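Side-chain atoms are counted along with the backbone in the values below, which use heavy atoms only and exclude waters and symmetry mates. Here is the naming used below: chain letters follow the sequence lines, and residue numbers restart at 1 for every chain.
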There are 2 protein chains.
Amino acid sequence: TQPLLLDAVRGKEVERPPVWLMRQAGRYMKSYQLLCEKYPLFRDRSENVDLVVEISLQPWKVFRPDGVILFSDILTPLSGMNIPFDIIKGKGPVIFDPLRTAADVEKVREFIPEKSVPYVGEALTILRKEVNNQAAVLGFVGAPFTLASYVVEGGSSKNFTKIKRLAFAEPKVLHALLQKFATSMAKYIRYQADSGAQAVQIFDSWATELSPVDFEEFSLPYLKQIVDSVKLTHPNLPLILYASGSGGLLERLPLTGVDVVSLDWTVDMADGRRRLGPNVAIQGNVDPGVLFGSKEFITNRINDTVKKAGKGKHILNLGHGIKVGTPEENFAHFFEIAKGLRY
Amino acid sequence: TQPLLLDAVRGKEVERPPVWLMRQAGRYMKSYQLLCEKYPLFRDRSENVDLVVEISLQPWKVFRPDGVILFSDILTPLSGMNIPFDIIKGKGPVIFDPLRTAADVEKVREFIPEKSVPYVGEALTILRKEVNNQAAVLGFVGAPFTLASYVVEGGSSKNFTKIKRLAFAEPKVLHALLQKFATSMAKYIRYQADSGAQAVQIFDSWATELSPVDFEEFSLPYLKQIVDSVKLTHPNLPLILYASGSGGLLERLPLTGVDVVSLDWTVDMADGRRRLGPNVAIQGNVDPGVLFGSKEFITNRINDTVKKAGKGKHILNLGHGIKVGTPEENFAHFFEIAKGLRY
């Protein structure tokens, strides 16, 4: 027997919608906050196996969700790919030498997960045993565009004028870098699946900063490459695309070939279910800010969301991560209502 | 004879698309930067008539755009409405006593522009004379939800858990405050129109933080009230709705009754033109980051954007404001190509 999440996604008939909440912050339960106080900061957040397995497992223990995702910073592969970086306190990520020329791109090294992040594959095999097919273990990787965005911008960006200048002035250079991330992230997906991941979620929220026609050129093609390539070696591994602010890109997301599209809360469930087509599955739509409302309110929203999503092909979740100051009770309530739903 | 912008919007046949760029930063030409150095900070940015008329006029002089918007912080009316605030250096806006109870809302005072911001109506009559119907003078006001968002959150927010908690836990209180802003912002629109504004742009980008069904309750209704109320006293005054991140709300924007919807760059022009219906006009769609590309690139994008928008009912513009480090030349190029277009 397979976990609910996997059947729902595969389109198999289910009696209820699998459910789990995102941004399963170790900084929500104050469990990553106590483990974070004991000194490496780069090594503390997304690196070690025992702290990865713990942060990852944090939500599983309290609510036993239908899905548990790997807690690993999507940038982790940078180091092994020859792109030196670190998480500076207050600035977040910072790549020391932002790519800018074809010459810089050529320097980029193809990722080798087993060698560069063996702990990832280990945490996954552990997580797999912990859950004991009572939930689905989800991998997590960064997408080519969002990745290139970080290494070209040098770090977190709010304007992306550097990646866009590269995209809109020297496309060949960016295309070469996007290619490198595609080939490397595909490999990474196979590694995680091979290590216990039963579905892998791909992060490319930054690509929604692009106009659809631009998205069609600097993101879509490379997301599609990963899917096509992975589907070839791991035919049954479900891939989940997550990209907040995709309200204007809905119609093109399915063209990537991903099995499931994670919709943010700005797109109505009914609208999204329609605009995405009927084949793809959808991951939870609820606005994280809804968890700040009355219990009745949260219930109405979960109900509306599941009603509009349909009886199947739906993994209930939020449109984004749990906001920092969310009352734990309203959180428990969400799972209570959610788990008692029957199609 | 009326300015191009007004005819295009009114749906009258035009030979070319009116054009202008947003975020006509006095901090783009370094003209507000030199005037900003000479000491009031609150009084310096959006207050005085001579510095308002100057910042506002900054873009007009260099490129003579088809539209010139009033440079006034949408929060300005707060003071006169009895909601004390100030722009603290580094924190931006800060309301000293964030509304939270029905009691606080009842305290709110109905705005009286002539009395509280006479300089606004003066700068507008001046701007009107300066342009001499060789461009359209555009008013600018904040929308009820975005406004309430600022006064409830206490200032700029990125999570909006306070306004949403109020919306989702104590709706009656928020509805009462939204009502107050609607009635007051309508009055403000009449004042600006009466002072020379030939079209007024309404800012409600924060309402796109709301799920469509939530938007349908805490934004749409009040935007509609303003339009219906204003259309009653100023039947021919075009109203422009601007709300970035509206990709999932497109279909409901027209229901507000606004004459023109400003689309951001995440929604393709063709898609937006279709999803919005055929009656409403549309304000420029170009991604500000495109101005960092090759000239050829910028040209292709302006062309694609105008092609998809149609031959009329379109005010070419960006989807957002000009990014801070934009090469002035690529900016001149945009106007060059833009102004040479003929339907």
Taking B:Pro212's backbone N and O only, do any of them form a donor-acceptor pair with A:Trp265's side chain (distance below 3.5 Å, no angle check)? no
Got a sec: does the CZ of B:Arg100 have more than 12 other heavy atoms crowding it under 6.0 Å? yes
Is there a side-chain contact between B:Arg301 and A:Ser211 (heavy atoms, below 4.5 Å)? yes
Electrostatic pair A:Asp271-B:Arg252, nearest N-O below 4.0 angstrom: yes
In this structure, are over 12 heavy atoms from other groups packed under 6.0 Å from B:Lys224 atom NZ? no
Does some side-chain heavy atom of A:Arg165 sit less than 4.5 Å from a side-chain heavy atom of B:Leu291? no
Does CD in A:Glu251 sit with more than 12 non-hydrogen atoms of other residues, nucleotides or ligands closer than 6.0 Å? yes
Is it the case that more than 12 heavy atoms not belonging to B:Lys295 sit under 6.0 Å from its NZ atom? yes
Does the side chain of B:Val213 reach to within under 4.5 Å of the side chain of A:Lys308, using non-hydrogen atoms? yes
With no hydrogens and no angle check, is any side-chain donor or acceptor of B:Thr266 less than 3.5 Å from a backbone partner on A:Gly248? no
Derivation of the side-chain contact (heavy atoms from CB on, under 4.5 Å) call for A:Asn330 and B:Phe168: CA-CA 12 Å; A:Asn330 278 8; B:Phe168 311 158; over 6 Å; no
pair B:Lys162-A:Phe292: side-chain heavy atoms closer than 4.5 Å: no
How about A:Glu296: does its CD atom have over 12 heavy atoms from other parts shown lying under 6.0 Å from it? no
Once rounded to the nearest 0.5 Å, what's the spacing between atom NZ of B:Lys323 and atom CG of A:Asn159? 4.0 Å
Which is it for A:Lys164 and B:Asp287 under the side-chain contact (heavy atoms from CB on, under 4.5 Å) test, yes or no, and what are the steps along the way? CA-CA 10 Å; A:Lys164 300 219 167 137; B:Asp287 171 16; 3.1 Å; yes
